[PDB]
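**Student:** Before anything else, here's the structure in question.
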Amino acid sequence: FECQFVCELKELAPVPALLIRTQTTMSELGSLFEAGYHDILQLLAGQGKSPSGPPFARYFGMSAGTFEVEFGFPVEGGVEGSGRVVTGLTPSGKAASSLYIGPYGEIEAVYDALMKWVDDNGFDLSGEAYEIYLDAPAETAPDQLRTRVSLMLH
Ligand SMILES: CN(C)c1ccc2c(-c3ccccc3C(=O)O)c3ccc(=[N+](C)C)cc-3oc2c1
């Protein structure tokens with residue numbers, strides 16, 4: 001992945017979200033997200049509401065076998081949670097960010113590129129990663145699958 005032209009620093013505006021905040025492994029992540037995103041969409045339907053944008057996930061310590069993950073959908077205000085689905089916010093602050101097109105299994109390429117770009121520009125990372133799944137992977141060709149990848153800055 002080349003960062004020459006498409007990598008940028010973004011100022012992220014926090015907006016309301018419905019989230020699940022839990023922990024997972026890389027093996028179980030796919031099943032976790034299908035289950036939890038389904039459930040969030042059902043809780044939204046459950047109030048006669050829709051998401052306000054594509055779903056996302058936040059990650060820290062992804063090397064560990066088991067790592068924290070927070071994932072969900074941006075929503076209108078006035079939405080309530082239930083069970084383990086909670087109201088919160090999308091990230092705020094600065095991030096080093098790039099659009100990535102391709103299968104998730106090759107996304108480390110953009111991570112490597114962004115960490116090089118961050119080093120070249122003297123920025124500091126918090127260690128948190130933030131992915132926005134602009135396309136649904138079940139319904140999209142892998143060579144067209146869009147994810148925005150952001151590394152949060154310290
Ligand atoms: C852009 N919007 C509208 C969407 C909508 C749905 C998804 C689902 C999903 C939700 C429920 C059931 C199946 C899927 C699927 O498509 O497999 C995603 C599932 C997994 C995922 N990861 C990053 C592993 C990412 C997912 O992103 C999505 C994005």
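Each chain in the structure tokens gets a letter, A, B and so on, in the order shown; residues start at 1 in every chain, and ligands are counted from 1 in the order they appear.
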Collect all residues with atoms no farther than 7 Å from ligand 1, counting only C-alpha atoms and all ligand atoms, and output them as a PyMOL selection string.

**Tutor:** chain A and resi 29-30+33-35+37-38+54-55+133-139

**Student:** Write the selection just made, keeping N, CA, C and O atoms, as an mmCIF file, in the first residue's frame?

**Tutor:**
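The resulting file, selection-v1.cif, is reproduced below:
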```cif
data_model
loop_
_atom_site.group_PDB
_atom_site.id
_atom_site.type_symbol
_atom_site.label_atom_id
_atom_site.label_comp_id
_atom_site.auth_asym_id
_atom_site.auth_seq_id
_atom_site.Cartn_x
_atom_site.Cartn_y
_atom_site.Cartn_z
ATOM 1 N N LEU A 29 -13.655 -13.121 15.577
ATOM 2 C CA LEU A 29 -14.125 -11.768 15.264
ATOM 3 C C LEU A 29 -15.257 -11.759 14.232
ATOM 4 O O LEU A 29 -16.255 -11.041 14.398
ATOM 5 N N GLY A 30 -15.104 -12.501 13.117
ATOM 6 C CA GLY A 30 -16.155 -12.480 12.104
ATOM 7 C C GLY A 30 -17.520 -12.881 12.641
ATOM 8 O O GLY A 30 -18.537 -12.221 12.362
ATOM 9 N N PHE A 33 -18.921 -10.151 14.963
ATOM 10 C CA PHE A 33 -19.473 -8.974 14.274
ATOM 11 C C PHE A 33 -20.787 -9.280 13.572
ATOM 12 O O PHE A 33 -21.709 -8.481 13.627
ATOM 13 N N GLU A 34 -20.903 -10.439 12.899
ATOM 14 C CA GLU A 34 -22.196 -10.788 12.299
ATOM 15 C C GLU A 34 -23.297 -10.816 13.347
ATOM 16 O O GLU A 34 -24.368 -10.224 13.156
ATOM 17 N N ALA A 35 -23.033 -11.471 14.472
ATOM 18 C CA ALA A 35 -24.009 -11.554 15.563
ATOM 19 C C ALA A 35 -24.350 -10.181 16.141
ATOM 20 O O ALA A 35 -25.520 -9.824 16.292
ATOM 21 N N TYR A 37 -23.633 -6.988 15.061
ATOM 22 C CA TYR A 37 -24.205 -6.012 14.150
ATOM 23 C C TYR A 37 -25.654 -6.353 13.844
ATOM 24 O O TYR A 37 -26.499 -5.467 13.770
ATOM 25 N N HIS A 38 -25.955 -7.638 13.621
ATOM 26 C CA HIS A 38 -27.360 -8.027 13.520
ATOM 27 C C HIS A 38 -28.160 -7.538 14.723
ATOM 28 O O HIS A 38 -29.236 -6.941 14.583
ATOM 29 N N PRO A 54 -22.287 3.966 8.130
ATOM 30 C CA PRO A 54 -21.780 2.585 8.117
ATOM 31 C C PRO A 54 -21.232 2.190 9.476
ATOM 32 O O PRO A 54 -20.817 3.061 10.276
ATOM 33 N N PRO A 55 -21.178 0.890 9.770
ATOM 34 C CA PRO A 55 -20.675 0.445 11.079
ATOM 35 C C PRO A 55 -19.158 0.585 11.166
ATOM 36 O O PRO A 55 -18.461 0.805 10.177
ATOM 37 N N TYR A 133 -16.482 0.306 8.124
ATOM 38 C CA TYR A 133 -16.787 -0.719 7.107
ATOM 39 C C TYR A 133 -17.822 -0.103 6.195
ATOM 40 O O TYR A 133 -19.033 -0.187 6.436
ATOM 41 N N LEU A 134 -17.327 0.608 5.161
ATOM 42 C CA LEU A 134 -18.211 1.372 4.287
ATOM 43 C C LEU A 134 -19.088 0.469 3.438
ATOM 44 O O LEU A 134 -20.196 0.872 3.051
ATOM 45 N N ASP A 135 -18.616 -0.745 3.143
ATOM 46 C CA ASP A 135 -19.373 -1.753 2.412
ATOM 47 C C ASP A 135 -19.589 -3.011 3.242
ATOM 48 O O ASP A 135 -18.725 -3.422 4.017
ATOM 49 N N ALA A 136 -20.736 -3.643 3.042
ATOM 50 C CA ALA A 136 -21.023 -4.892 3.747
ATOM 51 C C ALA A 136 -20.257 -6.028 3.085
ATOM 52 O O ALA A 136 -20.445 -6.260 1.880
ATOM 53 N N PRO A 137 -19.387 -6.746 3.812
ATOM 54 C CA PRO A 137 -18.569 -7.765 3.140
ATOM 55 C C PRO A 137 -19.370 -8.921 2.587
ATOM 56 O O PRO A 137 -18.920 -9.532 1.620
ATOM 57 N N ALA A 138 -20.517 -9.264 3.154
ATOM 58 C CA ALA A 138 -21.273 -10.371 2.568
ATOM 59 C C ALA A 138 -21.768 -10.050 1.158
ATOM 60 O O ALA A 138 -22.001 -10.967 0.358
ATOM 61 N N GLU A 139 -21.966 -8.766 0.848
ATOM 62 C CA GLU A 139 -22.686 -8.300 -0.337
ATOM 63 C C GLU A 139 -21.800 -7.578 -1.338
ATOM 64 O O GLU A 139 -22.320 -7.007 -2.304
#
```

**Student:** Write down as a count of residues only the residues belonging to range 27-116 of chain A that are assigned helix (DSSP H, G or I) by DSSP computed on the backbone.

**Tutor:** 31

**Student:** Neighbouring residues of residue 51 in chain A were defined as those with any atom within 12 Å, considering only C-alpha atoms; residues of the same chain fewer than 6 positions away were excluded. Please report them as a ChimeraX atom specification.

**Tutor:** /A:15-19,37-38,40-45,72-77,79

**Student:** If DSSP is run on the backbone, what residues of chain A are strand (DSSP E)? A reply as an MDAnalysis selection string would be ideal.

**Tutor:** chainID A and resid 8:12 16:24 56:60 67:74 85:89 93:101 125:133 146:153

**Student:** Write to file, as a PDB file, in the first residue's frame, the residues of the selection just made, with C-alpha atoms.

**Tutor:**
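After the write, result.pdb holds the following:
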```pdb
ATOM      1  CA  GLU A   8      -4.252  12.188   5.553  1.00  0.00           C
ATOM      2  CA  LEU A   9      -4.732  13.469   9.068  1.00  0.00           C
ATOM      3  CA  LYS A  10      -8.431  13.699   9.972  1.00  0.00           C
ATOM      4  CA  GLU A  11     -10.040  15.543  12.868  1.00  0.00           C
ATOM      5  CA  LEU A  12     -12.757  13.169  13.962  1.00  0.00           C
ATOM      6  CA  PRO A  16     -23.845   9.221  18.834  1.00  0.00           C
ATOM      7  CA  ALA A  17     -23.424   5.480  18.336  1.00  0.00           C
ATOM      8  CA  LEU A  18     -24.921   2.199  19.545  1.00  0.00           C
ATOM      9  CA  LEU A  19     -22.006  -0.054  20.533  1.00  0.00           C
ATOM     10  CA  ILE A  20     -21.074  -3.453  21.876  1.00  0.00           C
ATOM     11  CA  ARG A  21     -17.954  -3.266  24.050  1.00  0.00           C
ATOM     12  CA  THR A  22     -16.343  -6.620  24.549  1.00  0.00           C
ATOM     13  CA  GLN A  23     -13.282  -8.739  23.734  1.00  0.00           C
ATOM     14  CA  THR A  24     -12.554 -11.327  21.049  1.00  0.00           C
ATOM     15  CA  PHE A  56     -17.240   0.634  12.661  1.00  0.00           C
ATOM     16  CA  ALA A  57     -14.914  -1.026  15.163  1.00  0.00           C
ATOM     17  CA  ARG A  58     -12.178   0.175  17.511  1.00  0.00           C
ATOM     18  CA  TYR A  59      -9.222  -1.977  18.498  1.00  0.00           C
ATOM     19  CA  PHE A  60      -6.310  -1.886  20.882  1.00  0.00           C
ATOM     20  CA  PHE A  67      -8.089  -8.249  22.597  1.00  0.00           C
ATOM     21  CA  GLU A  68     -10.635  -5.571  23.367  1.00  0.00           C
ATOM     22  CA  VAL A  69     -13.032  -4.489  20.646  1.00  0.00           C
ATOM     23  CA  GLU A  70     -15.805  -1.896  20.545  1.00  0.00           C
ATOM     24  CA  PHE A  71     -18.059  -2.043  17.512  1.00  0.00           C
ATOM     25  CA  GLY A  72     -21.353  -0.603  16.391  1.00  0.00           C
ATOM     26  CA  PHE A  73     -23.210   1.906  14.244  1.00  0.00           C
ATOM     27  CA  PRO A  74     -23.563   5.692  14.313  1.00  0.00           C
ATOM     28  CA  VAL A  85     -25.738  -2.652  23.473  1.00  0.00           C
ATOM     29  CA  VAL A  86     -24.992   0.817  24.837  1.00  0.00           C
ATOM     30  CA  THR A  87     -25.142   4.429  23.731  1.00  0.00           C
ATOM     31  CA  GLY A  88     -21.749   6.030  23.299  1.00  0.00           C
ATOM     32  CA  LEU A  89     -19.874   8.124  20.762  1.00  0.00           C
ATOM     33  CA  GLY A  93      -9.469  13.586  18.043  1.00  0.00           C
ATOM     34  CA  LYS A  94      -6.872  13.354  15.342  1.00  0.00           C
ATOM     35  CA  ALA A  95      -6.170  10.222  13.354  1.00  0.00           C
ATOM     36  CA  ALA A  96      -3.874   9.149  10.529  1.00  0.00           C
ATOM     37  CA  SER A  97      -6.352   7.777   8.012  1.00  0.00           C
ATOM     38  CA  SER A  98      -6.526   6.068   4.611  1.00  0.00           C
ATOM     39  CA  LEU A  99      -9.166   4.388   2.506  1.00  0.00           C
ATOM     40  CA  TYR A 100      -8.392   0.715   1.752  1.00  0.00           C
ATOM     41  CA  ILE A 101     -10.052  -1.327  -1.012  1.00  0.00           C
ATOM     42  CA  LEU A 125       0.068   6.978  18.073  1.00  0.00           C
ATOM     43  CA  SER A 126      -2.219   6.192  21.004  1.00  0.00           C
ATOM     44  CA  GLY A 127      -2.226   2.516  19.978  1.00  0.00           C
ATOM     45  CA  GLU A 128      -5.935   2.590  19.074  1.00  0.00           C
ATOM     46  CA  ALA A 129      -7.124   1.599  15.580  1.00  0.00           C
ATOM     47  CA  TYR A 130     -10.465   2.612  14.110  1.00  0.00           C
ATOM     48  CA  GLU A 131     -12.019   0.900  11.091  1.00  0.00           C
ATOM     49  CA  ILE A 132     -15.176   2.005   9.241  1.00  0.00           C
ATOM     50  CA  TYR A 133     -16.787  -0.719   7.107  1.00  0.00           C
ATOM     51  CA  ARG A 146     -14.072  -0.374   1.103  1.00  0.00           C
ATOM     52  CA  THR A 147     -12.769   0.111   4.675  1.00  0.00           C
ATOM     53  CA  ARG A 148     -11.474   3.389   6.068  1.00  0.00           C
ATOM     54  CA  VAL A 149      -8.558   2.611   8.404  1.00  0.00           C
ATOM     55  CA  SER A 150      -7.537   5.224  10.982  1.00  0.00           C
ATOM     56  CA  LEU A 151      -4.782   5.131  13.623  1.00  0.00           C
ATOM     57  CA  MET A 152      -5.624   7.453  16.517  1.00  0.00           C
ATOM     58  CA  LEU A 153      -2.981   9.999  17.408  1.00  0.00           C
TER      59      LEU A 153
END
```

**Student:** Have a look at A:25, A:90, A:144, A:4 and name the one nearest to residue 104 in chain A; count only C-alpha atoms.

**Tutor:** A:144

**Student:** I'd like the neighbourhood of residue 114 in chain A as a PyMOL selection string, where a residue qualifies if any of its atoms comes within 7 Å (using only C-alpha atoms), though same-chain residues fewer than 4 positions away should be ignored.

**Tutor:** chain A and resi 3+96+110+118

**Student:** Using only C-alpha atoms, pick whichever of A:122, A:78, A:105, A:14 has the shortest atom-to-atom distance to residue 49 in chain A.

**Tutor:**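 Result for the nearest residue to residue 49 in chain A: A:78.
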
**Student:** Hey, which of A:31, A:117, A:112, A:140 ends up closest to residue 6 in chain A? Count only C-alpha atoms.

**Tutor:**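 Comparing A:31, A:117, A:112, A:140 against residue 6 in chain A, the winner is A:117.
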
**Student:** Pick from A:1, A:91, A:32, A:80: nearest to residue 13 in chain A, with only C-alpha atoms counted?

**Tutor:** A:91
